[PDB]
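Asker: Got a structure for you, written out below as structure tokens; questions coming shortly.
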Amino acid sequence: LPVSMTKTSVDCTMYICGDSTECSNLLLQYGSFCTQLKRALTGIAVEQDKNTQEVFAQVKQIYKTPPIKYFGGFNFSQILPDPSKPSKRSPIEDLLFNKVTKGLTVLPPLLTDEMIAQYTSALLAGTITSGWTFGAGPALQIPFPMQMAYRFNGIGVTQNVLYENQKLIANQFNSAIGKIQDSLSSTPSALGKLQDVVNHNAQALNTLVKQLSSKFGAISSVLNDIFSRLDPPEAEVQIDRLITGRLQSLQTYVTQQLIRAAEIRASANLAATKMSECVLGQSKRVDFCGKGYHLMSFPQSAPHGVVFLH
Amino acid sequence: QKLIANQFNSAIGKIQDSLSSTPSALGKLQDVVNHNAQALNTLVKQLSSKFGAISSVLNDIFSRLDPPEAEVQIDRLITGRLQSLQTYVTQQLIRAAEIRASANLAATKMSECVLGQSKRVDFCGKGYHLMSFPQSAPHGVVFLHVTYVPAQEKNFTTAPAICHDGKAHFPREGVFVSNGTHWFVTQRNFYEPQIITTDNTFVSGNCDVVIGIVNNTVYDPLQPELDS
Amino acid sequence: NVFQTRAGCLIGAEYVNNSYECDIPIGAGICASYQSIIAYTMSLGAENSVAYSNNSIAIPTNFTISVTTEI
Ligand SMILES: *[C@@H]1O[C@H](CO)[C@@H](O[C@@H]2O[C@H](CO)[C@@H](O)[C@H](O)[C@H]2NC(C)=O)[C@H](O)[C@H]1NC(C)=O
Ligand SMILES: *[C@@H]1O[C@H](CO)[C@@H](O[C@@H]2O[C@H](CO)[C@@H](O)[C@H](O)[C@H]2NC(C)=O)[C@H](O)[C@H]1NC(C)=O
Ligand SMILES: *[C@@H]1O[C@H](CO)[C@@H](O[C@@H]2O[C@H](CO)[C@@H](O)[C@H](O)[C@H]2NC(C)=O)[C@H](O)[C@H]1NC(C)=O
Ligand SMILES: *[C@@H]1O[C@H](CO)[C@@H](O[C@@H]2O[C@H](CO)[C@@H](O)[C@H](O)[C@H]2NC(C)=O)[C@H](O)[C@H]1NC(C)=O
Ligand SMILES: *[C@@H]1O[C@H](CO)[C@@H](O[C@@H]2O[C@H](CO)[C@@H](O)[C@H](O)[C@H]2NC(C)=O)[C@H](O)[C@H]1NC(C)=O
Ligand SMILES: *[C@@H]1O[C@H](CO)[C@@H](O)[C@H](O)[C@H]1NC(C)=O
């Protein structure tokens, strides 16, 4: 699920007029268009930051897994942080990170990748050591087999079913984790949503930049060329045509950015709901936290998004 | 009952005081109002723009110039004002879509939190949801989520099952806990230790399969009756 | 006071090793606040290690009724 896109900002006067002061003076007659563009882009950026905050900052505590990582035969090494790795990212998180790759500026996000990794690690530690109790109050520890017996009892299967064949269930879970790692490492188009986000942003910026070389019905697309080859009285006309074209292009870009921001906000709200209702608890809503009867979910951070292991 | 009622009353009073003292809590509706007012103000202020023409006054353009060129200037003014108006309308449409999403969420919250008790975690507030109360606000709605929050936890030693006469007894509803010497069965969300009997446990299989099973006696209520 | 950050170079505040919750977001995990003006790396939260063992359970012995507002 995508969560946020890149925070972008545009220099209106620099984009449209280069280094010409007469062009800026002419632009001054058009009102506060650049002000509206700045306000829209600032709103989009703060919205992206809020999206990340609502999706990932669900806990006020940073929980730690015990040094002795034995959970009744359940193997969690593929999703727990790797101390050997300098970035402290889980192997699945590392694979996810690897598999996803003027006048215009890109603002860095407020939360670095290390902070989101710490949030996901806290979520995993809380949901492993304390079950779902940490999402509703103080974290109360419970042995993992008993937590899984709770979760089996949640879906209408008695405790003895799990307790009598615990080893088989643990082996199946470990095999499933290995298989999902292999499936992510093999299928190339599994991460298509985040890549489409990145590609859409890059294409929009490149199109906006490429539009700057369009004549827009004028004699030339170079501002200094017009200012150096023509006298004023028709120079104002030519420059007016150029600048009105460039305002049209920039306004179109801002409108598409607003629409895409709304779409990403809807996706981020869905991701936050999924986090709350599948990671912090067990969900009876069918087909909401995976196909079949839901037991538990594990979050993994990804570039511009989040990955859920149902 | 008295303690719960007192806690509820104190919580409501605390909420009233918190709203009375914290201004930034009610900022969403204020942001809506500010956005609408700012957009309308910008639209009004845009009228005084030349839009590339010589004058921002239409009748002054008619009067001071010849109609052959005044018509071109007025065309520039008209296209500029149409652009401003359509920009305002487009931003209003996007904001209206966002408000529609918020209102749909609010209606769902009303239906699932006020008209019933919700098992969805964190949907009707932090903690286990009990009930909710709606309150009207300018351009919005305020929900008062009443939730149950556990407190004052205590350590115990637990076992998955109890082995008795070669039979494994599992808790019917609760869990097995021990204070150090004796074993009890208690409900999961509140400490109410009780004697382990055959009425609150069910038997399933022998003791050689379950890992961590412990040895303890299980009381049978019927034995004293036929003992006499 | 000149501080070099990932978002840019910030002039007028000094970096502080202490970590507090974010007040004025800056970028790349750095926030500014007025105590003079200081810049710091925001703190995610207070660490809390859960005493996990394979035969220990924590059971609440009390409760509190909580009321919260959503707008
Ligand atoms: C948990 O899983 C990990 C990997 O999924 C296991 O690590 C493997 O251990 C075997 C032998 O111990 C090695 O031959 C493999 O190369 C290891 N794999 C990796 C990726 O390191 C681990 O043994 C499992 N069990 C525990 C208790 O950690
Ligand atoms: C664990 O709880 C049981 C029951 O609450 C305790 O057993 C009772 O303890 C009291 C006080 O020590 C005695 O007066 C009773 O006679 C005991 N009942 C029985 C049936 O023996 C037990 O002492 C507690 N253990 C610990 C370590 O606190
Ligand atoms: C629980 O009780 C059973 C039954 O008394 C114990 O099983 C006995 O174990 C001893 C020593 O291991 C053997 O000599 C007996 O033959 C066993 N009896 C039976 C019927 O199998 C069991 O060891 C007890 N559990 C614990 C932890 O002490
Ligand atoms: C339950 O017992 C555990 C361990 O006996 C307690 O965890 C200890 O907490 C203290 C307080 O900070 C630490 O100094 C110890 O290092 C902890 N021990 C372990 C093994 O982590 C835990 O606090 C107890 N729970 C309650 C509610 O008292
Ligand atoms: C559960 O907590 C409540 C408070 O949240 C306790 O009520 C207190 O009880 C003591 C002694 O009975 C009084 O001195 C306090 O004034 C009470 N507090 C309030 C707010 O009225 C209650 O005793 C606790 N229950 C248990 C079993 O410990
Ligand atoms: C619990 O774990 C410890 C060490 O991790 C181990 O010695 C002990 O046997 C385990 N308990 C059970 C019932 O397997």
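Order determines the names: the first chain of the structure tokens is A, the second B, and so forth; residues in each chain are numbered 1 upward, and ligands are numbered 1 upward as they are shown.
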What residues in chain A have any atom no more than 10 Å from chain C when counting only C-alpha atoms, and can you write them as a PDB file with N, CA and C atoms, in the first residue's frame?
Answerer:
ATOM      1  N   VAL A  46       2.826  19.032   3.763  1.00  0.00           N
ATOM      2  CA  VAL A  46       2.432  18.750   5.140  1.00  0.00           C
ATOM      3  C   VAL A  46       1.458  17.580   5.183  1.00  0.00           C
ATOM      4  N   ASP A  49       3.577  14.408   5.147  1.00  0.00           N
ATOM      5  CA  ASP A  49       4.136  14.163   6.474  1.00  0.00           C
ATOM      6  C   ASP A  49       3.077  13.618   7.428  1.00  0.00           C
ATOM      7  N   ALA A  57       3.166   6.035  13.267  1.00  0.00           N
ATOM      8  CA  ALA A  57       3.248   6.376  14.682  1.00  0.00           C
ATOM      9  C   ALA A  57       1.983   5.967  15.427  1.00  0.00           C
ATOM     10  N   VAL A  59       2.151   3.796  18.218  1.00  0.00           N
ATOM     11  CA  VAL A  59       2.519   3.423  19.577  1.00  0.00           C
ATOM     12  C   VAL A  59       3.384   4.523  20.176  1.00  0.00           C
ATOM     13  N   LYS A  60       3.174   4.795  21.460  1.00  0.00           N
ATOM     14  CA  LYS A  60       3.959   5.788  22.180  1.00  0.00           C
ATOM     15  C   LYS A  60       5.156   5.182  22.897  1.00  0.00           C
ATOM     16  N   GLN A  61       5.359   3.874  22.783  1.00  0.00           N
ATOM     17  CA  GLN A  61       6.472   3.187  23.412  1.00  0.00           C
ATOM     18  C   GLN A  61       7.313   2.522  22.334  1.00  0.00           C
ATOM     19  N   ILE A  62       8.598   2.364  22.616  1.00  0.00           N
ATOM     20  CA  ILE A  62       9.515   1.659  21.730  1.00  0.00           C
ATOM     21  C   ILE A  62       9.839   0.333  22.403  1.00  0.00           C
ATOM     22  N   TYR A  63       9.192  -0.734  21.947  1.00  0.00           N
ATOM     23  CA  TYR A  63       9.353  -2.042  22.560  1.00  0.00           C
ATOM     24  C   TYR A  63      10.569  -2.755  21.989  1.00  0.00           C
ATOM     25  N   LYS A  64      11.206  -3.574  22.818  1.00  0.00           N
ATOM     26  CA  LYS A  64      12.408  -4.304  22.444  1.00  0.00           C
ATOM     27  C   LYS A  64      12.164  -5.797  22.597  1.00  0.00           C
ATOM     28  N   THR A  65      12.634  -6.573  21.628  1.00  0.00           N
ATOM     29  CA  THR A  65      12.554  -8.021  21.741  1.00  0.00           C
ATOM     30  C   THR A  65      13.596  -8.524  22.735  1.00  0.00           C
ATOM     31  N   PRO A  66      13.307  -9.600  23.463  1.00  0.00           N
ATOM     32  CA  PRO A  66      14.293 -10.130  24.396  1.00  0.00           C
ATOM     33  C   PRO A  66      15.490 -10.682  23.648  1.00  0.00           C
ATOM     34  N   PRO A  67      16.668 -10.686  24.277  1.00  0.00           N
ATOM     35  CA  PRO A  67      17.849 -11.247  23.600  1.00  0.00           C
ATOM     36  C   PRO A  67      17.695 -12.714  23.235  1.00  0.00           C
ATOM     37  N   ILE A  68      16.995 -13.491  24.056  1.00  0.00           N
ATOM     38  CA  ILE A  68      16.763 -14.906  23.786  1.00  0.00           C
ATOM     39  C   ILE A  68      15.507 -14.995  22.926  1.00  0.00           C
ATOM     40  N   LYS A  69      15.697 -15.194  21.627  1.00  0.00           N
ATOM     41  CA  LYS A  69      14.588 -15.210  20.676  1.00  0.00           C
ATOM     42  C   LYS A  69      14.153 -16.642  20.366  1.00  0.00           C
ATOM     43  N   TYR A  70      13.516 -17.263  21.354  1.00  0.00           N
ATOM     44  CA  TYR A  70      12.846 -18.544  21.182  1.00  0.00           C
ATOM     45  C   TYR A  70      11.376 -18.364  21.525  1.00  0.00           C
ATOM     46  N   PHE A  71      10.504 -18.635  20.558  1.00  0.00           N
ATOM     47  CA  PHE A  71       9.071 -18.398  20.696  1.00  0.00           C
ATOM     48  C   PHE A  71       8.289 -19.673  20.420  1.00  0.00           C
ATOM     49  N   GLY A  72       8.709 -20.767  21.044  1.00  0.00           N
ATOM     50  CA  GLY A  72       8.021 -22.034  20.875  1.00  0.00           C
ATOM     51  C   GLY A  72       8.119 -22.616  19.483  1.00  0.00           C
ATOM     52  N   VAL A 106      12.931  19.115  -4.549  1.00  0.00           N
ATOM     53  CA  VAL A 106      12.310  18.012  -3.828  1.00  0.00           C
ATOM     54  C   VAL A 106      12.696  18.137  -2.362  1.00  0.00           C
ATOM     55  N   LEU A 107      11.696  18.247  -1.494  1.00  0.00           N
ATOM     56  CA  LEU A 107      11.935  18.434  -0.070  1.00  0.00           C
ATOM     57  C   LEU A 107      12.098  17.081   0.607  1.00  0.00           C
ATOM     58  N   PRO A 108      13.083  16.905   1.481  1.00  0.00           N
ATOM     59  CA  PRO A 108      13.246  15.626   2.174  1.00  0.00           C
ATOM     60  C   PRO A 108      12.099  15.376   3.134  1.00  0.00           C
ATOM     61  N   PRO A 109      11.714  14.117   3.332  1.00  0.00           N
ATOM     62  CA  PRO A 109      10.639  13.818   4.280  1.00  0.00           C
ATOM     63  C   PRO A 109      11.069  14.070   5.714  1.00  0.00           C
ATOM     64  N   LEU A 110      10.077  14.333   6.568  1.00  0.00           N
ATOM     65  CA  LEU A 110      10.364  14.619   7.969  1.00  0.00           C
ATOM     66  C   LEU A 110      10.920  13.396   8.689  1.00  0.00           C
ATOM     67  N   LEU A 111      10.389  12.212   8.396  1.00  0.00           N
ATOM     68  CA  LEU A 111      10.833  10.979   9.038  1.00  0.00           C
ATOM     69  C   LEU A 111      11.807  10.258   8.116  1.00  0.00           C
ATOM     70  N   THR A 112      13.020  10.021   8.605  1.00  0.00           N
ATOM     71  CA  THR A 112      13.991   9.253   7.846  1.00  0.00           C
ATOM     72  C   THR A 112      13.609   7.776   7.840  1.00  0.00           C
ATOM     73  N   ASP A 113      14.305   7.005   7.002  1.00  0.00           N
ATOM     74  CA  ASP A 113      14.011   5.579   6.906  1.00  0.00           C
ATOM     75  C   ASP A 113      14.343   4.845   8.196  1.00  0.00           C
ATOM     76  N   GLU A 114      15.364   5.302   8.925  1.00  0.00           N
ATOM     77  CA  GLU A 114      15.717   4.654  10.183  1.00  0.00           C
ATOM     78  C   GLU A 114      14.605   4.797  11.212  1.00  0.00           C
ATOM     79  N   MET A 115      13.943   5.955  11.248  1.00  0.00           N
ATOM     80  CA  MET A 115      12.852   6.146  12.199  1.00  0.00           C
ATOM     81  C   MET A 115      11.660   5.253  11.873  1.00  0.00           C
ATOM     82  N   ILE A 116      11.328   5.111  10.589  1.00  0.00           N
ATOM     83  CA  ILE A 116      10.245   4.211  10.208  1.00  0.00           C
ATOM     84  C   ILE A 116      10.619   2.765  10.509  1.00  0.00           C
ATOM     85  N   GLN A 118      12.524   1.859  13.005  1.00  0.00           N
ATOM     86  CA  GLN A 118      12.344   1.740  14.449  1.00  0.00           C
ATOM     87  C   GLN A 118      10.876   1.577  14.814  1.00  0.00           C
ATOM     88  N   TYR A 119       9.991   2.322  14.149  1.00  0.00           N
ATOM     89  CA  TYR A 119       8.559   2.157  14.387  1.00  0.00           C
ATOM     90  C   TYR A 119       8.092   0.745  14.059  1.00  0.00           C
ATOM     91  N   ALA A 122       9.323  -1.649  16.688  1.00  0.00           N
ATOM     92  CA  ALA A 122       8.529  -1.534  17.905  1.00  0.00           C
ATOM     93  C   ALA A 122       7.188  -2.238  17.753  1.00  0.00           C
ATOM     94  N   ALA A 125       7.876  -6.031  17.932  1.00  0.00           N
ATOM     95  CA  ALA A 125       8.190  -6.463  19.287  1.00  0.00           C
ATOM     96  C   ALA A 125       6.947  -6.462  20.164  1.00  0.00           C
ATOM     97  N   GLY A 126       6.116  -5.425  20.045  1.00  0.00           N
ATOM     98  CA  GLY A 126       4.893  -5.381  20.823  1.00  0.00           C
ATOM     99  C   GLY A 126       3.934  -6.502  20.474  1.00  0.00           C
ATOM    100  N   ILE A 128       4.670  -9.375  19.193  1.00  0.00           N
ATOM    101  CA  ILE A 128       5.236 -10.700  19.415  1.00  0.00           C
ATOM    102  C   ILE A 128       5.260 -11.007  20.904  1.00  0.00           C
ATOM    103  N   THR A 129       5.726 -10.053  21.710  1.00  0.00           N
ATOM    104  CA  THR A 129       5.920 -10.292  23.135  1.00  0.00           C
ATOM    105  C   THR A 129       4.649 -10.099  23.955  1.00  0.00           C
ATOM    106  N   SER A 130       3.738  -9.233  23.512  1.00  0.00           N
ATOM    107  CA  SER A 130       2.577  -8.866  24.310  1.00  0.00           C
ATOM    108  C   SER A 130       1.252  -9.118  23.598  1.00  0.00           C
ATOM    109  N   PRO A 138      -1.635  -0.901  28.619  1.00  0.00           N
ATOM    110  CA  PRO A 138      -0.289  -1.372  28.961  1.00  0.00           C
ATOM    111  C   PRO A 138       0.007  -2.702  28.285  1.00  0.00           C
ATOM    112  N   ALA A 139       1.271  -2.900  27.927  1.00  0.00           N
ATOM    113  CA  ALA A 139       1.674  -4.150  27.300  1.00  0.00           C
ATOM    114  C   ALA A 139       1.819  -5.240  28.351  1.00  0.00           C
ATOM    115  N   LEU A 140       1.064  -6.322  28.183  1.00  0.00           N
ATOM    116  CA  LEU A 140       1.084  -7.453  29.106  1.00  0.00           C
ATOM    117  C   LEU A 140       1.699  -8.638  28.376  1.00  0.00           C
ATOM    118  N   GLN A 141       2.812  -9.148  28.892  1.00  0.00           N
ATOM    119  CA  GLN A 141       3.497 -10.232  28.211  1.00  0.00           C
ATOM    120  C   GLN A 141       2.683 -11.521  28.294  1.00  0.00           C
ATOM    121  N   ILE A 142       2.912 -12.396  27.322  1.00  0.00           N
ATOM    122  CA  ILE A 142       2.222 -13.679  27.235  1.00  0.00           C
ATOM    123  C   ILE A 142       3.068 -14.605  26.368  1.00  0.00           C
ATOM    124  N   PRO A 143       3.215 -15.880  26.727  1.00  0.00           N
ATOM    125  CA  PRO A 143       3.965 -16.799  25.865  1.00  0.00           C
ATOM    126  C   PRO A 143       3.338 -16.883  24.483  1.00  0.00           C
ATOM    127  N   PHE A 144       4.191 -16.941  23.462  1.00  0.00           N
ATOM    128  CA  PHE A 144       3.685 -16.956  22.093  1.00  0.00           C
ATOM    129  C   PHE A 144       2.765 -18.132  21.793  1.00  0.00           C
ATOM    130  N   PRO A 145       3.039 -19.368  22.229  1.00  0.00           N
ATOM    131  CA  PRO A 145       2.052 -20.433  22.001  1.00  0.00           C
ATOM    132  C   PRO A 145       0.685 -20.124  22.583  1.00  0.00           C
ATOM    133  N   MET A 146       0.622 -19.504  23.763  1.00  0.00           N
ATOM    134  CA  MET A 146      -0.679 -19.177  24.339  1.00  0.00           C
ATOM    135  C   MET A 146      -1.360 -18.054  23.570  1.00  0.00           C
TER     136      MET A 146
END
Asker: Around ligand 1, at most 9 Å away and counting only C-alpha atoms and all ligand atoms, which residues are there? Put them as a ChimeraX atom specification, please.
Answerer: /A:69-70,73-78,91,174-175,177-178
Asker: Restricting the output to N, CA and C atoms, write the selected residues as a PDB file, in the first residue's frame.
Answerer:
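Final output, part-v4.pdb:
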ATOM      1  N   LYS A  69      15.697 -15.194  21.627  1.00  0.00           N
ATOM      2  CA  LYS A  69      14.588 -15.210  20.676  1.00  0.00           C
ATOM      3  C   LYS A  69      14.153 -16.642  20.366  1.00  0.00           C
ATOM      4  N   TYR A  70      13.516 -17.263  21.354  1.00  0.00           N
ATOM      5  CA  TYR A  70      12.846 -18.544  21.182  1.00  0.00           C
ATOM      6  C   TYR A  70      11.376 -18.364  21.525  1.00  0.00           C
ATOM      7  N   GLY A  73       9.281 -22.502  18.847  1.00  0.00           N
ATOM      8  CA  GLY A  73       9.513 -23.053  17.534  1.00  0.00           C
ATOM      9  C   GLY A  73       9.230 -22.103  16.391  1.00  0.00           C
ATOM     10  N   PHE A  74       8.649 -20.942  16.670  1.00  0.00           N
ATOM     11  CA  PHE A  74       8.354 -19.987  15.614  1.00  0.00           C
ATOM     12  C   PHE A  74       9.594 -19.166  15.286  1.00  0.00           C
ATOM     13  N   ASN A  75       9.915 -19.086  14.000  1.00  0.00           N
ATOM     14  CA  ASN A  75      11.115 -18.418  13.521  1.00  0.00           C
ATOM     15  C   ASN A  75      10.750 -17.048  12.973  1.00  0.00           C
ATOM     16  N   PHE A  76      11.327 -16.004  13.573  1.00  0.00           N
ATOM     17  CA  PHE A  76      10.979 -14.636  13.210  1.00  0.00           C
ATOM     18  C   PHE A  76      12.172 -13.868  12.656  1.00  0.00           C
ATOM     19  N   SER A  77      13.254 -14.560  12.291  1.00  0.00           N
ATOM     20  CA  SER A  77      14.476 -13.872  11.890  1.00  0.00           C
ATOM     21  C   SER A  77      14.279 -13.083  10.602  1.00  0.00           C
ATOM     22  N   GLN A  78      13.336 -13.505   9.760  1.00  0.00           N
ATOM     23  CA  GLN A  78      13.172 -12.855   8.465  1.00  0.00           C
ATOM     24  C   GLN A  78      12.486 -11.501   8.587  1.00  0.00           C
ATOM     25  N   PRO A  91      15.662  -8.609   6.827  1.00  0.00           N
ATOM     26  CA  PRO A  91      15.984  -9.095   5.474  1.00  0.00           C
ATOM     27  C   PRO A  91      14.892  -8.829   4.454  1.00  0.00           C
ATOM     28  N   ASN A 174       7.061 -21.235   9.358  1.00  0.00           N
ATOM     29  CA  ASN A 174       8.420 -20.977   8.894  1.00  0.00           C
ATOM     30  C   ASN A 174       8.539 -21.190   7.389  1.00  0.00           C
ATOM     31  N   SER A 175       7.934 -22.266   6.882  1.00  0.00           N
ATOM     32  CA  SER A 175       7.959 -22.517   5.446  1.00  0.00           C
ATOM     33  C   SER A 175       7.256 -21.404   4.683  1.00  0.00           C
ATOM     34  N   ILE A 177       6.958 -18.246   5.584  1.00  0.00           N
ATOM     35  CA  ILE A 177       7.809 -17.056   5.583  1.00  0.00           C
ATOM     36  C   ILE A 177       8.929 -17.196   4.557  1.00  0.00           C
ATOM     37  N   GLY A 178       9.576 -18.361   4.516  1.00  0.00           N
ATOM     38  CA  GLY A 178      10.599 -18.574   3.503  1.00  0.00           C
ATOM     39  C   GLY A 178      10.055 -18.443   2.093  1.00  0.00           C
TER      40      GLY A 178
END
Asker: Counting only C-alpha atoms and all ligand atoms, what residues are within 12 Å of ligand 3, given as a ChimeraX atom specification?
Answerer: /B:159,162-168,206-208,211-217
Asker: Would you put the residues from that selection into a file with C-alpha atoms, as a short mmCIF file (atom, residue, chain, number, x, y, z; two decimals), in the first residue's frame?
Answerer:
data_model
loop_
_atom_site.label_atom_id
_atom_site.label_comp_id
_atom_site.auth_asym_id
_atom_site.auth_seq_id
_atom_site.Cartn_x
_atom_site.Cartn_y
_atom_site.Cartn_z
CA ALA B 159 0.65 -23.38 32.01
CA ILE B 162 -3.24 -29.30 33.61
CA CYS B 163 -2.44 -33.01 33.73
CA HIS B 164 -4.72 -35.06 35.98
CA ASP B 165 -5.18 -38.85 35.96
CA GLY B 166 -3.30 -38.94 32.67
CA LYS B 167 -5.81 -36.53 31.11
CA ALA B 168 -5.11 -33.03 29.82
CA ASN B 206 -3.47 -37.57 27.31
CA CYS B 207 -0.52 -35.68 28.80
CA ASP B 208 2.29 -36.84 26.49
CA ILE B 211 4.36 -29.08 25.70
CA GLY B 212 4.59 -27.38 29.08
CA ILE B 213 1.73 -29.32 30.69
CA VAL B 214 1.97 -29.36 34.48
CA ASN B 215 0.73 -31.72 37.21
CA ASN B 216 -2.13 -30.62 39.44
CA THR B 217 -5.39 -31.93 40.85
#
Asker: Return the neighbours of chain B among the residues of chain A, cut-off 7 Å, counting only C-alpha atoms, as a list in words.
Answerer: residues 29, 30, 31, 136, 137, 146, 160, 163, 164, 276, 277 and 281 of chain A
Asker: Go through B:195, B:188, B:115, B:182 one by one, measure the shortest atom-to-atom distance of each to ligand 2 using only C-alpha atoms and all ligand atoms, and give the residue with the smallest value.
Answerer: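 Looking only at the distances to ligand 2, the closest residue turns out to be B:182.
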Asker: Could you give me the residues within chain C that DSSP places in strand (DSSP E), as JSON, numbers by chain?
Answerer: {"C": [2, 3, 4, 9, 10, 11, 14, 15, 24, 25, 26, 27, 30, 31, 32, 33, 34, 37, 38, 39, 40, 41, 46, 47, 48, 49, 56, 57, 58, 59, 60, 61, 62, 63, 64, 65, 66, 67, 68, 69, 70]}
Asker: Kindly provide the residues of chain C that approach ligand 5 to within 7 Å, each paired with its closest atom pair and their distance in Å to one decimal, based on only C-alpha atoms and all ligand atoms, listed by chain and increasing number, as a Markdown table.
Answerer:
| residue | atom | partner | partner_atom_place_in_ligand_line | distance |
| --- | --- | --- | --- | --- |
| C:61 | CA | ligand 5 | 27 (C) | 6.4 |
| C:62 | CA | ligand 5 | 1 (C) | 4.9 |
| C:63 | CA | ligand 5 | 1 (C) | 6.3 |
| C:64 | CA | ligand 5 | 5 (O) | 6.1 |
Asker: Would you put the residues from that selection into a file with N, CA and C atoms, as an mmCIF file, in the first residue's frame?
Answerer:
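As a result, result-v8.cif now contains:
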data_model
loop_
_atom_site.group_PDB
_atom_site.id
_atom_site.type_symbol
_atom_site.label_atom_id
_atom_site.label_comp_id
_atom_site.auth_asym_id
_atom_site.auth_seq_id
_atom_site.Cartn_x
_atom_site.Cartn_y
_atom_site.Cartn_z
ATOM 1 N N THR C 61 -5.302 -6.417 37.339
ATOM 2 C CA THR C 61 -6.053 -6.547 38.578
ATOM 3 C C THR C 61 -6.999 -5.382 38.821
ATOM 4 N N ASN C 62 -7.117 -4.459 37.874
ATOM 5 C CA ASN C 62 -7.974 -3.291 38.024
ATOM 6 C C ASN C 62 -8.296 -2.760 36.635
ATOM 7 N N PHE C 63 -8.947 -1.603 36.593
ATOM 8 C CA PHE C 63 -9.306 -0.985 35.327
ATOM 9 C C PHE C 63 -9.557 0.497 35.544
ATOM 10 N N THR C 64 -9.595 1.235 34.440
ATOM 11 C CA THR C 64 -9.950 2.646 34.453
ATOM 12 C C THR C 64 -10.852 2.937 33.265
#
Asker: Which residues are near ligand 2 in this structure, taking near to mean any atom at most 6 Å from a ligand atom and counting only C-alpha atoms and all ligand atoms? Format them as a VMD selection string.
Answerer: chain B and resid 179 to 182
Asker: Could you check how far atom CA of residue 294 of chain A sits from atom CA of residue 153 of chain A, in Å to one decimal?
Answerer: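 Atom CA of residue 153 of chain A lies at a distance of 11.6 Å from atom CA of residue 294 of chain A.
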Asker: I need the residue nearest ligand 4 from this list: B:104, B:7, B:156, B:1. Use only C-alpha atoms and all ligand atoms for the distance.
Answerer: B:156
Asker: Can you tell me which residues surround segment 300-304 of chain A at a distance of at most 6 Å, considering only C-alpha atoms, apart from same-chain residues fewer than 5 positions away, and format the answer as a PyMOL selection string?
Answerer: chain A and resi 2-4+96
Asker: With C-alpha atoms retained, could you export that selection as a CSV table (one decimal), in the first residue's frame?
Answerer:
chain,number,residue,atom,x,y,z
A,2,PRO,CA,1.5,3.4,-0.9
A,3,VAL,CA,1.6,5.9,1.9
A,4,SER,CA,3.2,9.1,0.7
A,96,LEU,CA,12.0,-4.4,-0.4
Asker: Using Å and a single decimal, report how far atom CA of residue 21 of chain C sits from atom CA of residue 261 of chain A.
Answerer: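 If I compute the distance from atom CA of residue 261 of chain A to atom CA of residue 21 of chain C, I get 26.9 Å.
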Asker: For chain C, which of B:219, B:176, B:183, B:88 is the closest residue, counting only C-alpha atoms?
Answerer: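 Once distances to chain C are computed over only C-alpha atoms, the minimum belongs to B:176.
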Asker: Counting only C-alpha atoms, figure out which residue out of B:57, B:131, B:37, B:218 gets nearest to chain C.
Answerer: B:131
Asker: Could you check how far atom CA of residue 290 of chain A sits from atom CA of residue 274 of chain A, in Å to one decimal?
Answerer: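 So the two atoms, atom CA of residue 290 of chain A and atom CA of residue 274 of chain A, lie 10.5 Å apart.
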